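Q: Quick one: this structure, given as structure tokens, is what I'll be asking you about.
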Amino acid sequence: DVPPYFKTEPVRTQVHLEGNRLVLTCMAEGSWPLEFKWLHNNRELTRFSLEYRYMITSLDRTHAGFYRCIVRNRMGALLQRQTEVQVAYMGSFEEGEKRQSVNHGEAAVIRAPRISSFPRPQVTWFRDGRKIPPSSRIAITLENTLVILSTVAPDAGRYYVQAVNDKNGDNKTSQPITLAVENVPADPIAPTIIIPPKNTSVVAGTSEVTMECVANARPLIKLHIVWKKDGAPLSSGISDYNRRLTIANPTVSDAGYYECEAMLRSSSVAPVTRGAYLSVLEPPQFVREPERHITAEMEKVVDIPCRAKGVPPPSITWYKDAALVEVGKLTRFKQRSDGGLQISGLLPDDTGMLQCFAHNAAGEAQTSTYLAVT
Amino acid sequence: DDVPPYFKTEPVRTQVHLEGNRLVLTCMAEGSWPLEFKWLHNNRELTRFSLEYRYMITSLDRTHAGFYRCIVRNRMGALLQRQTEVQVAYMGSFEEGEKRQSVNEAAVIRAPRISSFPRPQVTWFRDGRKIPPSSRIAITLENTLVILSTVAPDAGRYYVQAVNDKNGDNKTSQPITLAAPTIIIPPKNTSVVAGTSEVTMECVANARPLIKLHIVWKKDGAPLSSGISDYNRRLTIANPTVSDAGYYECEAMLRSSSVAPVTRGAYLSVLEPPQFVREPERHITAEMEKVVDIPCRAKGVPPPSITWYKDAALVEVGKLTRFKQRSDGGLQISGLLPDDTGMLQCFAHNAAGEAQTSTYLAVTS
Ligand SMILES: *[C@@H]1O[C@H](CO[C@@H]2O[C@@H](C)[C@@H](O)[C@@H](O)[C@@H]2O)[C@@H](O[C@@H]2O[C@H](CO)[C@@H](O)[C@H](O)[C@H]2NC(C)=O)[C@H](O)[C@H]1NC(C)=O
Ligand SMILES: *[C@@H]1O[C@H](CO[C@@H]2O[C@@H](C)[C@@H](O)[C@@H](O)[C@@H]2O)[C@@H](O[C@@H]2O[C@H](CO)[C@@H](O)[C@H](O)[C@H]2NC(C)=O)[C@H](O)[C@H]1NC(C)=O
Ligand SMILES: *[C@@H]1O[C@H](CO)[C@@H](O[C@@H]2O[C@H](CO)[C@@H](O)[C@H](O)[C@H]2NC(C)=O)[C@H](O)[C@H]1NC(C)=O
């Protein structure tokens, strides 16, 4: 007569190839009969049974999503930590041949043709069978967009993409995009920001996070890009002709407003500044947890603690036997600001498994306890 | 036409895959043509240099498990990819047959040897009935069954049902027939990386009468009242940090009589993978016959060793007349020759993992 508990919990995220087999397991121990139910995106896949496995013999892209199990017995029920199954795939290039025009000196922006893939494929740009590497005048953005900084007469022509998926090794080629250059002498062009920094969120402890800013000017040689954090100039982590700002091992202290300032050296031209926010996140970690086993007298009031910390601050949710606790309607159940649950006028029907889930955009945490009402 | 090679992405440090599934490793590098790739399994050559950036395994086997890494090269030089550990989930059959053991005292029955990755979850059975951990029944992390105070009805055949949590395999072994404070299962040395959610020390003690037996947990001589579970046999630290490292002791005593306590301890090491403090610039230029200093420092627990490679080849510090490695980990090349031009790679390695930084060395004139 021992309440359920998980011997192991599944990983938060999983990447699998299409056509491969997937085996989900609900590894719990406890008194018989220990039965299991499976959920996909908070929707029931199966009924309660002695089958602790959920198996997909041939994985498809549509099978991607969140899976979790519920284990139960005569004592109560527990919700498994949910796992994200991601299916590696790559479709074909959707768009056909396209046409685009740019003025002489101004920047040509050619977006990579839309193709469905997970993860986003690595892109190599080609013109007439020749690779186009990043250079002083040619930039390739994180969105795999091709940017010609100072367009000239010979820049006109057909550009196409070779995209490769790094998980399944799929390699596909897109349709050509014809770029034309209009009004071909040469006069000074003011510095402008083509690809401004976008809002970027990343979890603490990742290997790298990158901000990006592509600027244009004529002459391009006079163009200089300055990176700032909260108004202060940054001198480290800058690469790719001052268009990339890379932070290795980002911390919550590295969060803030990052600005890209494009200027012309040896000139009186005023700079152009465009910025975005970097958010560094930390998953929930518990500060206060309930005891493994909680015993309490009938008709009395019990305080069950649950506090957690994270960036952003984690929301705290309670479950009673794998079912959501309604603190709104029930007079007996009250939720304290720290996240603790208070049950007043304890009835024998409150006996069972209580679970606390602390959730934030960076992840989820779970702690459980058995409430026995004497 | 003159771009040194570089990696657009790096592979995950560890990946678990099922037997019979297909695995596709990719060497995602960019650079000037011809960009060729070579594959290595446990630092042994799998392929020759070719335009195939993929290594594909149609049907994964247990023998395919190990460390894989690629080398990318072109006219500019070569780079070593960060190695990835491919682990193949499987479970064989129970090898050993029926065994017999006798005890007068505690009965210690090891779980039957079965080949499996990962280690399977084990449920012990007696005569078709599950035997959960109790005041007198302990189950260790190595899945060894320990009956503390054996009695007449304790005798009989015990067997294990083992389940692999990755492929869902479930197998049953052959029966094993079984017919003063001491420490049976002492705390073992445990190393773990920070952020593993949990790490557990274990100590199983035996005494008659068992009710008077008491286990106290200590860290560096100081008693702990938290993280203790399973009848004081388990000490669990949630979200271990480098501060949690140190000597943990299990002390078993009797709350009566003059019998001396028994103490057994082990070391807990919390490790952090290498992270670079100082890195070389993307491109380093230097004059012929002169000396160049290329910096490389990194931190980790334990302190990471630092090794240099030149174009995916180990730098011979044995013949260190021109090449010297400073104690800080920096590389110095004296009497610079035009043949020193190319990709230099600095690998910072620790037991918790490895990190890599690269640079292009151009020797003028
Ligand atoms: C990019 O996001 C910002 C908001 O950033 C938030 O606030 C920061 C202080 C930091 O904590 C970030 O992690 C947050 O996500 C948008 O800027 C404005 O934000 C304020 C609140 O801070 C909001 O009231 C305004 O409405 C936001 N501006 C607009 C136009 O709605 C900014 O707009 C975002 N960028 C884009 C392109 O949408
Ligand atoms: C467990 O390991 C210790 C040594 O641990 C190492 O040193 C610690 C200071 C710490 O840095 C750990 O991370 C290291 O792994 C073993 O201690 C040895 O004990 C024997 C006798 O028992 C003695 O002869 C040796 O000199 C000791 N070695 C050291 C380095 O002190 C201990 O034996 C290990 N436990 C078991 C059960 O083998
Ligand atoms: C992706 O596949 C394409 C072909 O589908 C490869 O491109 C070929 O490369 C050879 C080698 O010189 C050329 O002879 C062919 O003409 C190319 N085909 C096309 C359609 O251009 C390409 O190499 C593959 N990707 C990688 C990274 O190797």
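Using the numbering of Swiss-Prot, the residues shown for chain A are 27-210, 213-402, in order.
How was it done? The header gives X-ray crystallography, 3.2 Å.
Placement of Cβ uses the backbone N, Cα and C atoms for every residue, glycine included.
Pulled these features from Swiss-Prot for this protein:
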DOMAIN    A:30-112  domain 'Ig-like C2-type 1'
DISULFID  A:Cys52-A:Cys95  disulfide bond
CARBOHYD  A:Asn197  N-linked glycosylation site
DOMAIN    A:219-298  domain 'Ig-like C2-type 3'
DISULFID  A:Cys241-A:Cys288  disulfide bond
DISULFID  A:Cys334-A:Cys384  disulfide bond
Q: To see if you understand the setup: which same-chain residues, six or more apart in sequence, place their Cβ under 8 Å from that of A:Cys288 (disulfide bond)?
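A: The answer is A:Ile221, A:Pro224, A:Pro225, A:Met239, A:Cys241, A:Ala243, A:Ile253, A:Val254, A:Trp255, A:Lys256, A:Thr301, A:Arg302, A:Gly303.
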Q: Kindly point out which of the recorded positions A:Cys95, A:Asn197, A:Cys241, A:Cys334, A:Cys384 have a C-beta less than 6 Å from some atom of ligand 3.
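A: Going through A:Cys95, A:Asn197, A:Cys241, A:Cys334, A:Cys384 in sequence order, those close to ligand 3 turn out to be A:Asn197.
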Q: Can you name the residues of this chain that are 6 or more positions from A:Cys95 (disulfide bond) yet have a C-beta less than 8 Å from its C-beta?
A: A:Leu50, A:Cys52, A:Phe62, A:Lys63, A:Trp64, A:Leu65, A:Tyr78, A:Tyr80, A:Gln106
Q: If you measure from the Cα of A:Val210 to the Cα of A:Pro213, with 2 residues left unbuilt in between, what do you get in Å?
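A: Unmodelled segment endpoints: Cα atoms separated by 7 Å.
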Q: Roughly how many angstrom lie between the C-alpha atoms of the residue listed as 'N-linked glycosylation site' and A:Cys384 (disulfide bond)?
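A: Distance (Cα to Cα, whole Å): 45 Å.
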Q: Would you count the other CB atoms within 10 A of the CB of A:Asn197 (N-linked glycosylation site), including those on all shown protein chains?
A: 16
Q: Near A:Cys384 (disulfide bond), how many other Cβ atoms are within 10 Å of its Cβ?
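A: There are 25 of them.
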Q: Counting Cβ neighbours within 10 Å across all chains shown, tell me which of the disulfide-bonded residues A:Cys52, A:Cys241, A:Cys334 comes out on top.
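A: Compared across A:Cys52, A:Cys241, A:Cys334, the most Cβ atoms within 10 Å surround A:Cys241.
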